[PDB]
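Source file query.txt; content: compact mmCIF, C-alpha atoms.
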# COMPACT_ATOMS: atom_id res chain seq x y z
CA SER A 381 17.73 37.06 -37.46
CA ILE A 382 14.84 38.21 -39.58
CA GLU A 383 17.12 37.11 -42.47
CA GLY A 384 19.84 39.71 -42.87
CA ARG A 385 23.17 38.21 -41.87
CA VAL A 386 25.11 39.21 -44.97
CA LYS A 387 27.93 40.89 -43.07
CA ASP A 388 29.28 39.20 -39.97
CA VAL A 389 32.74 40.01 -38.62
CA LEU A 390 32.55 40.02 -34.85
CA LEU A 391 33.08 36.42 -33.77
CA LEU A 392 34.25 35.61 -37.24
CA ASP A 393 37.66 36.87 -38.09
CA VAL A 394 37.30 35.31 -41.48
CA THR A 395 37.17 36.06 -45.16
CA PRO A 396 34.75 38.86 -44.43
CA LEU A 397 31.78 38.67 -46.81
CA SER A 398 32.35 35.63 -49.00
CA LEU A 399 34.18 36.31 -52.24
CA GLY A 400 34.45 34.49 -55.57
CA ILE A 401 33.50 35.42 -59.09
CA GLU A 402 30.74 37.19 -60.96
CA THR A 403 28.94 34.17 -62.43
CA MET A 404 26.65 33.11 -65.29
CA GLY A 405 23.88 35.67 -65.74
CA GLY A 406 24.36 38.35 -63.11
CA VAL A 407 24.83 35.76 -60.41
CA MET A 408 27.41 35.65 -57.62
CA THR A 409 29.24 32.56 -56.37
CA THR A 410 31.68 32.94 -53.51
CA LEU A 411 35.03 31.29 -53.77
CA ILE A 412 35.96 31.26 -50.17
CA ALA A 413 33.26 32.03 -47.65
CA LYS A 414 33.06 33.44 -44.16
CA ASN A 415 33.88 30.82 -41.44
CA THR A 416 37.25 30.42 -43.22
CA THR A 417 39.67 32.00 -40.83
CA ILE A 418 42.54 34.05 -42.04
CA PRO A 419 45.18 32.97 -42.91
CA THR A 420 43.35 30.59 -45.22
CA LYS A 421 44.40 28.20 -47.89
CA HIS A 422 41.97 26.38 -50.18
CA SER A 423 41.86 24.98 -53.72
CA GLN A 424 38.96 25.02 -56.13
CA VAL A 425 39.57 23.88 -59.69
CA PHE A 426 37.57 25.45 -62.49
CA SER A 427 37.08 25.48 -66.23
CA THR A 428 34.93 27.47 -68.68
CA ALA A 429 31.90 26.66 -70.80
CA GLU A 430 33.34 28.59 -73.72
CA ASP A 431 36.98 29.40 -74.44
CA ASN A 432 38.70 27.34 -71.81
CA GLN A 433 42.35 28.12 -71.99
CA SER A 434 42.12 31.56 -73.48
CA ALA A 435 40.39 33.82 -70.99
CA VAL A 436 39.27 33.46 -67.41
CA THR A 437 37.69 36.57 -65.99
CA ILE A 438 39.18 37.45 -62.63
CA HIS A 439 36.43 39.76 -61.48
CA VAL A 440 36.43 38.41 -57.98
CA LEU A 441 33.06 39.21 -56.39
CA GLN A 442 32.76 39.93 -52.71
CA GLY A 443 29.07 39.94 -51.87
CA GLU A 444 26.29 37.54 -50.78
CA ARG A 445 25.03 34.79 -53.11
CA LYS A 446 22.33 34.43 -55.82
CA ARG A 447 20.55 37.76 -55.82
CA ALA A 448 23.33 39.79 -57.38
CA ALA A 449 23.58 43.01 -55.44
CA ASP A 450 26.66 41.18 -54.42
CA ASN A 451 29.00 43.34 -56.39
CA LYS A 452 31.59 44.23 -53.80
CA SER A 453 34.65 44.70 -55.90
CA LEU A 454 37.34 42.13 -55.43
CA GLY A 455 38.45 42.90 -58.89
CA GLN A 456 37.79 43.12 -62.58
CA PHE A 457 40.59 41.59 -64.67
CA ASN A 458 41.12 38.67 -67.03
CA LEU A 459 43.76 35.96 -67.42
CA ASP A 460 43.92 35.93 -71.19
CA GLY A 461 45.88 34.07 -73.82
CA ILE A 462 46.42 30.47 -72.72
CA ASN A 463 47.05 28.94 -76.16
CA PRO A 464 44.18 27.75 -78.46
CA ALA A 465 42.14 25.16 -76.60
CA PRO A 466 38.51 26.35 -76.38
CA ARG A 467 35.50 25.09 -74.43
CA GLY A 468 36.00 22.44 -71.77
CA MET A 469 39.22 20.86 -70.56
CA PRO A 470 38.62 20.91 -67.46
CA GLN A 471 42.05 21.62 -65.90
CA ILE A 472 42.64 25.20 -64.64
CA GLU A 473 43.21 24.82 -60.93
CA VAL A 474 42.53 28.01 -59.00
CA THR A 475 43.99 28.27 -55.53
CA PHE A 476 43.18 31.02 -53.08
CA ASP A 477 45.27 31.57 -50.02
CA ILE A 478 44.46 34.65 -48.02
CA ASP A 479 47.13 35.96 -45.66
CA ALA A 480 46.56 36.87 -42.04
CA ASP A 481 46.71 40.60 -42.69
CA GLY A 482 44.05 40.48 -45.39
CA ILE A 483 45.06 40.05 -49.00
CA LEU A 484 43.71 37.42 -51.38
CA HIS A 485 46.72 35.79 -52.89
CA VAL A 486 44.81 33.86 -55.55
CA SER A 487 46.68 32.24 -58.41
CA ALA A 488 44.60 31.17 -61.32
CA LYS A 489 46.89 28.38 -62.35
CA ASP A 490 46.27 26.97 -65.79
CA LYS A 491 47.13 23.44 -66.69
CA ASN A 492 48.29 24.22 -70.17
CA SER A 493 51.74 25.19 -69.05
CA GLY A 494 51.19 26.67 -65.62
CA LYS A 495 50.17 29.92 -67.17
CA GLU A 496 49.20 31.57 -63.92
CA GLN A 497 48.50 35.01 -62.54
CA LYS A 498 48.71 35.67 -58.85
CA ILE A 499 46.74 38.72 -57.84
CA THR A 500 47.03 40.17 -54.40
CA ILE A 501 43.75 41.92 -54.00
CA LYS A 502 42.29 43.58 -50.91
CA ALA A 503 39.23 42.39 -49.09
CA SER A 504 38.63 44.92 -46.36
CA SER A 505 35.19 44.96 -44.80
CA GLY A 506 33.48 48.17 -43.71
CA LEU A 507 30.12 48.11 -45.43
CA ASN A 508 26.51 46.94 -44.94
CA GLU A 509 24.02 44.19 -45.68
CA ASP A 510 22.03 46.84 -47.57
CA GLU A 511 25.12 47.99 -49.20
CA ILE A 512 24.17 44.78 -50.90
CA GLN A 513 20.31 45.26 -50.61
CA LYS A 514 20.81 49.04 -51.17
CA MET A 515 22.53 47.83 -54.30
CA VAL A 516 19.41 45.66 -54.81
CA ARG A 517 17.73 48.90 -55.61
CA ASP A 518 20.36 50.78 -57.58
CA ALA A 519 22.26 47.75 -58.73
CA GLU A 520 19.74 44.85 -58.63
CA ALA A 521 17.87 46.94 -61.18
CA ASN A 522 21.22 47.53 -62.95
CA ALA A 523 21.48 43.73 -63.22
CA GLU A 524 19.06 44.10 -66.17
CA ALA A 525 22.03 45.63 -68.00
CA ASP A 526 23.81 42.52 -66.78
CA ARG A 527 20.91 40.70 -68.51
CA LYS A 528 22.47 41.97 -71.75
CA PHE A 529 25.64 40.34 -70.46
CA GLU A 530 23.49 37.25 -69.70
CA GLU A 531 22.92 37.00 -73.42
CA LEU A 532 26.70 37.12 -73.57
CA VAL A 533 26.77 34.36 -70.92
CA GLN A 534 24.27 32.37 -73.04
CA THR A 535 21.99 32.25 -70.07
CA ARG A 536 22.18 29.28 -67.81
CA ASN A 537 23.29 29.42 -64.08
CA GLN A 538 25.05 27.34 -61.40
CA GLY A 539 28.43 26.91 -63.07
CA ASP A 540 29.92 24.14 -61.01
CA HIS A 541 33.29 23.85 -62.79
CA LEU A 542 31.93 25.41 -65.98
CA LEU A 543 32.16 29.19 -65.85
CA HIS A 544 31.72 31.42 -68.88
CA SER A 545 34.52 33.91 -69.35
CA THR A 546 35.26 36.22 -72.23
CA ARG A 547 36.12 39.88 -72.63
CA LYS A 548 34.68 42.16 -75.28
CA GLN A 549 36.36 45.08 -76.98
CA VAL A 550 36.13 45.13 -80.75
CA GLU A 551 37.56 47.97 -82.80
CA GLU A 552 34.22 48.75 -84.41
CA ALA A 553 31.72 51.01 -82.55

Taking this structure as input, can you express it in the form of C-alpha cells?
Amino acid sequence: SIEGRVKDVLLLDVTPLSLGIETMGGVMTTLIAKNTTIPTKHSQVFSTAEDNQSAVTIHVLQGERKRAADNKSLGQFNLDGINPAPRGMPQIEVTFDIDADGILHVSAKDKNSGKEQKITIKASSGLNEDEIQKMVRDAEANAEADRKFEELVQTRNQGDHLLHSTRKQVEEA
C-alpha cells in the first residue's frame, strides 16, 4: 500500500517483476507479468513499425511499467537479418515459456521462414522497488539520453503489435 508494490515474491512464485521489452521512447512493456506462475507458457505475437523482418531487439526488460526506471536487465541482443521485408507484416510470433527453475526460454519466431532465436535468459529476483525508483533518480534522469533514442524511435508510445527495433553501429565516427 501507499503505492509501491513493484516487487512481490512472497505469495507469488511467479515471473518475479514483470519482464518484456524496452519499448518506444524509453518506455517499458512487460511480456509476461507477475501472477504467471512458473513454469509458464504464453504466446504474444509482435511486429515492428520499421524494418519488420530484419531486426527485432531482444533487450528483454524486467522492471515495472511506463515510468522507465524499469531497466532490470533481461538482456540486450537483436534478432537480425530476416530477409528484406521492412515495416509491417505483422507475423513474427514471439513465445515465452519460463521453466520452473527460472529461465526465460523465449523464442522470437519469425514467420518468414521460422527464423527464430531461443534465448535462455535468467530472471532472478533480489532487488528493490527503489532499485527501480532509485533508478528513477540515476536512471530516470538517464532516460533523457534515451530521449535521443526516442528520436531514433520516432517518438510515439504504446506499441501494441508495432514495436520499433533497429540497431546502430556505422563505421563512421

### Query
If we count all atoms listed in the file, what is near residue A:424 at a cut-off of 12 Å, once residues fewer than 6 positions away on the same chain are taken out, given as a list in words?
residues 400, 410, 411, 412, 471, 472, 473, 474, 475, 476, 477, 486, 487, 488, 489, 540 and 541 of chain A

### Selection near residue A:544, 6 Å with all atoms listed in the file, sequence-local residues under 2 positions removed, as a count of residues only
3

Is it possible to get the axis-aligned box enclosing stretch 467-470 of chain A (all listed atoms, 4 Å extra per side) as lines of an AutoDock Vina configuration file, with centre and edge lengths in Å rounded to one decimal?
center_x = 37.4
center_y = 23.0
center_z = -70.9
size_x = 11.7
size_y = 12.2
size_z = 15.0

### Message
Set the distance at 10 Å and use all atoms listed in the file: which residues neighbour residue A:485 once local chain neighbours fewer than 5 positions away are removed? I'd like the list as a PyMOL selection string.
### Response
chain A and resi 420-421+475-479+497-502

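Interatomic distance, atom CA of residue A:530 to atom CA of residue A:516: 17.6 Å.
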
#### Entry: atom CA of residue A:548 to atom CA of residue A:398, distance in Å rounded to a single decimal
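Interatomic distance here is 27.2 Å.
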
### Task
Give the answer as one residue: which of A:546, A:537, A:433, A:508 has the shortest atom-to-atom distance to residue A:492, using all atoms listed in the file?
A:433

### Query
Residues at most 8 Å from residue A:446, counting all atoms listed in the file, excluding those fewer than 6 positions away in the same chain, as a ChimeraX atom specification?
/A:407-409

### Task
Kindly give the distance, in Å, that separates atom CA of residue A:513 and atom CA of residue A:399, rounded to a single decimal.
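Pair atom CA of residue A:513 / atom CA of residue A:399 returns 16.6 Å.
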
Residues within 7 Å of residue A:449, please, as a compact mmCIF listing (two decimals) with C-alpha atoms, keeping the file's coordinate frame. Count all atoms listed in the file; anything in the same chain fewer than 2 positions from it doesn't count.
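See around10.txt below for the written result:
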# COMPACT_ATOMS: atom_id res chain seq x y z
CA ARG A 447 20.55 37.76 -55.82
CA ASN A 451 29.00 43.34 -56.39
CA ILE A 512 24.17 44.78 -50.90
CA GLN A 513 20.31 45.26 -50.61
CA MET A 515 22.53 47.83 -54.30
CA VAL A 516 19.41 45.66 -54.81
CA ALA A 519 22.26 47.75 -58.73
CA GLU A 520 19.74 44.85 -58.63

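Counting all atoms listed in the file, the residue from A:426, A:448, A:542, A:462 that sits nearest to residue A:521 is A:448.
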
#### Entry: Pick from A:438, A:480, A:425, A:454 nearest to residue A:397, counting all atoms listed in the file
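Answer, going by the shortest atom-to-atom distance: A:454.
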
### Message
Measuring between all atoms listed in the file, which one of A:393, A:432, A:404, A:522 shows the shortest distance to residue A:467?
### Response
A:432

### Task
Using only C-alpha atoms, find the one residue out of A:517, A:528, A:452, A:491 that sits nearest to residue A:504.
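Of A:517, A:528, A:452, A:491, the one nearest residue A:504 is A:452, counting only C-alpha atoms.
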